[PDB]
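**Student:** enclosed are the sequence and the experimentally obtained structure.
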Amino acid sequence: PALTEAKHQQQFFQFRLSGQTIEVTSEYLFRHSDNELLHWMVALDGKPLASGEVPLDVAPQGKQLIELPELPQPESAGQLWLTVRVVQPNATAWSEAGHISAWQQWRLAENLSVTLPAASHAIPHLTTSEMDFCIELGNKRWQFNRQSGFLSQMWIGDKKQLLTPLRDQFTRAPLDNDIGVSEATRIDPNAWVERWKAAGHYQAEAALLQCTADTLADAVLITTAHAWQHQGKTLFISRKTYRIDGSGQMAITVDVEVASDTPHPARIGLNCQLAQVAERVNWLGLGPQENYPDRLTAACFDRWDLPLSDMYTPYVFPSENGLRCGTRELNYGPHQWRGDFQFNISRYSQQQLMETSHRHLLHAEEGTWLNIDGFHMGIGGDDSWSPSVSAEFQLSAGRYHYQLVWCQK
Amino acid sequence: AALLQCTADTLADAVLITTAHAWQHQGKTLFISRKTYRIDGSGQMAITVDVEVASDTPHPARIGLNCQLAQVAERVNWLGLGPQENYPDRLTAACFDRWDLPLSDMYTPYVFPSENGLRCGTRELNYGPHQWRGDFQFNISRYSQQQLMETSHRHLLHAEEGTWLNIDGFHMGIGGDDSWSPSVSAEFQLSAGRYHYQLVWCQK
Ligand SMILES: [K+]
Ligand SMILES: [K+]
Ligand SMILES: [K+]
Ligand SMILES: [K+]
């Protein structure tokens, strides 16, 4: 995946946008742009609104101004995005006709949604037992285990949707950059993986602090709080609400506290093993290829749709892989998640990726492992033998908030 | 502030008020603010605020709440960065500790009046019978933002009835690399699009 980051950062045309004007600057020293046209496209949350093309005619080191036509105003709420691409119409000795040599995106106008969701005809029903809070609505059921404080099962009709409960996750199967030169017989205590292991991040157990249920006018509200601890040290506190309303949507609000003296964690998110295996993964967010917070320039915001296997990057030494960032909607099987998150989705658990030394030894697990992160640490790489994630990509804020809506698709 | 939603729910040990507002200008929605206020049997009011800011509006100077309190009290006591005025791009000198000053020391008398007296990184503020806890920036004084904006000279300011409190989840840098062109660096501009903050308001 890193190759596309290199291609993008090494582009030979640079772009600025001011109003309707794209300024194209050539970083060629010798050639005119005699095999180039610029394709531009504007889309509303991935729905195409307009597009066109203009030939590039820019001297080496020169500039060209391209004035976009006035766009019709979008017919609904959302964010308009401009993407431009430089396409070479003619084959060369080194490329085929249609080769894309450069791209860039910008946010254009945003019209925030102010329209209220229509009041639903049904209201969900809570059953309280010693073991569980259960919520039923039509063809859906959600079960919160009261001893664990997690969503342990959901049903659509008779079908269970979870193989493992939805739980917080603060670790990642460590990248080569997280490990550096550390080895079992010669620990490098400075490496990220060793800081996390020494602080108990991989071993920490959830302690339940609070698990309560209330009914609102139009919804059932489940409130939980957990502490992760290691040898008497509280590493992380996760406070949540789940609100399940008459429309079938479950809104999940998560507020995490991270002890200031614990090493900053690899991620702040949730995970679960879904019962289903589906063929496609469809999302509105950065893509199409794997992208991480400090390696996401090349990815573009649009609507992507790939086979599940494309969502796993087969690094020979297995690790956390396949994240996509800046995602506002994710679709898989009957499920839809909305928010502003990073995710990966695959048949391999973090545990399996961490434990397995070679990609050919991985086996697909039952169902589909989903990791959905409010926040994810950078991956680094300035070298691979000392910590290299720059401070602005470390999760050092202390308090973190994210919110997800889980509904049917 | 167009009102989108205002509801009340009576819970087990609390009343929950939920609001949503859109700020608009000439048809353009600039900001949305969604809040809950949870008032419990201990008398605490927990306020949660989630704001959306249109990506195409200029980044805002602050994202916060304000009000004019009836109370005028002698001291201001906070656990936060101080003791002097500090802003996000000018707070290295301020230290985190418990500070306790006369009210007048929470106003900086710039000859040309403007926003002034913020203290950042504050976890607890006390003023008269009130206490606010969270992780916020604040200023507190006898002068409204409107009055500071409209008044050309500090000697023309008049103390208003009561006390103006501005409590911000987030505040833009002040800049200063020069004073004739925008100078607040990107990392101190409120560009994130979505902002969350939470406060508890109680008595004592
Ligand atoms: K990008
Ligand atoms: K491994
Ligand atoms: K400081
Ligand atoms: K003034």
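**Tutor:** Happy to help now that I have it. Numbers count the residues shown, from 1 in each chain, chains lettered A, B, ... in the order given. Ligands and ions are numbered 1, 2, ... in the order given.

**Student:** mind listing the residues bridging to residue A:102?
**Tutor:** residue A:86 (DSSP bridges).

**Student:** residue boundaries of the helices in chain A?
**Tutor:** In chain A, the helices defined using DSSP state H lie at A:2-9, A:176-179, A:192-199, A:350-355.

**Student:** from the contact counts, what lies against the second one?
**Tutor:** Right, the one you point to is helix A:176-179. helix A:192-199 (3 or more C-beta pairs under 8 Å, 6 or more residues apart in numbering or on different chains; DSSP states H and E). For the C-beta atoms, the positions are set from N, CA and C on the backbone; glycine is no exception.

**Student:** who's in contact with the helix it packs on?
**Tutor:** A:171, A:174, A:177-180, A:182, A:187-189, A:202, A:230, A:233, A:235, A:262-263, A:265-266, A:387, A:389 (C-beta atoms under 8 Å, 6 or more residues apart in numbering or on different chains).

**Student:** residues of that helix that come out buried?
**Tutor:** Across helix A:192-199, burial judged by 16 or more other C-beta atoms under 10 Å in any protein chain shown covers A:192, A:193, A:194, A:195, A:196, A:197, A:199.

**Student:** closest to residue A:25 among those residues?
**Tutor:** residue A:192 (38.4 Å; C-beta to C-beta).

**Student:** wait, residue A:56 sits on residue A:23?
**Tutor:** No. With contact defined as C-beta atoms under 8 Å, residue A:56 and residue A:23 do not form a contacting pair (11.9 Å).

**Student:** more neighbours, those two?
**Tutor:** residue A:56 (21 against 13; other C-beta atoms under 10 Å in any protein chain shown).

**Student:** what sits against that one?
**Tutor:** Per C-beta under 8 Å, 6+ apart, neighbours of residue A:56: A:13, A:24, A:33, A:36, A:37, A:38, A:64, A:86.

**Student:** and the residues you listed, which of them are buried?
**Tutor:** Buried among the contacts of residue A:56 (16+ other C-beta under 10 Å): A:13, A:24, A:33, A:36, A:38, A:64, A:86.

**Student:** and the buried ones among the contacts of helix A:192-199, selectable in PyMOL?
**Tutor:** Here is the PyMOL command that selects the buried residues among the contacts of helix A:192-199 (16+ other C-beta under 10 Å):
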select buried, chain A and resi 171+174+177+178+179+180+182+188+202+230+235+262+263+265+266+387+389
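
**Student:** just the ones of the contacts of helix A:192-199 in strands?
**Tutor:** A:230, A:233, A:235 (DSSP state E).

**Student:** and those residues, which is closest to chain B?
**Tutor:** residue A:235 (19.3 Å; C-beta to the nearest C-beta).

**Student:** wouldn't that closest one be in contact with residue A:204 here?
**Tutor:** Yes. Assessed by C-beta under 8 Å, residue A:235 is found in contact with residue A:204 at 5.4 Å.

**Student:** overlap in contacts, these two.
**Tutor:** Common contact partners of residue A:235 and residue A:204 (C-beta under 8 Å, 6+ apart): A:170, A:228, A:229.

**Student:** identify the bridge partners of the second one.
**Tutor:** Okay, so that is residue A:228. Applying DSSP bridges to residue A:228 yields these beta-bridge partners: residue A:206, residue A:236.

**Student:** burial of it, as a residue count?
**Tutor:** With other C-beta under 10 Å as criterion, residue A:228 counts 24.

**Student:** report the separation between it and residue A:343.
**Tutor:** 22 Å (C-beta to C-beta, to the nearest Å).

**Student:** and if you look at the last one?
**Tutor:** Counting by C-beta to C-beta, the separation of residue A:229 from residue A:343 is 27 Å.

**Student:** could you do residue A:269 as well?
**Tutor:** Per C-beta to C-beta, residue A:269 is found 8 Å from residue A:343.

**Student:** and for those two, which residues touch both?
**Tutor:** With C-beta under 8 Å, 6+ apart as the test, residue A:269 and residue A:343 both reach A:371, A:372, A:373.

**Student:** can you add distance to residue A:327 and give those back as a markdown table?
**Tutor:** Output for the shared contacts of residue A:269 and residue A:343, formatted as a markdown table (distance: C-beta to C-beta, whole Å):
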| residue | distance to residue A:327 |
| --- | --- |
| A:371 | 12 |
| A:372 | 9 |
| A:373 | 10 |
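
**Student:** chain B: which of these is nearest?
**Tutor:** For the shared contacts of residue A:269 and residue A:343, the nearest to chain B is residue A:373 (15.5 Å; C-beta to the nearest C-beta).

**Student:** surely residue A:285 meets residue A:330?
**Tutor:** Yes. Taking C-beta under 8 Å as the definition, residue A:285 is a contact partner of residue A:330 at 7.4 Å.

**Student:** count of neighbours near the spatially closest residue to residue A:335 that is not a sequence neighbour?
**Tutor:** Excluding its sequence neighbours, the residue lying closest to residue A:335 (C-beta to C-beta, 6 or more residues apart in numbering or on different chains) is residue A:409, at 5.9 Å. Neighbour count for residue A:409, taken as other C-beta under 10 Å: 12.

**Student:** which residues does stretch A:218-225 contact?
**Tutor:** A:119-120, A:123-126, A:133, A:135, A:144, A:149-150, A:208-215, A:237-246, B:11.

**Student:** the same query, at a cut-off of 6 Å, please.
**Tutor:** A:123-124, A:126, A:133, A:135, A:144, A:149, A:209-214, A:239-246 (C-beta atoms under 6 Å, 6 or more residues apart in numbering or on different chains).

**Student:** perfect, I'm done here.
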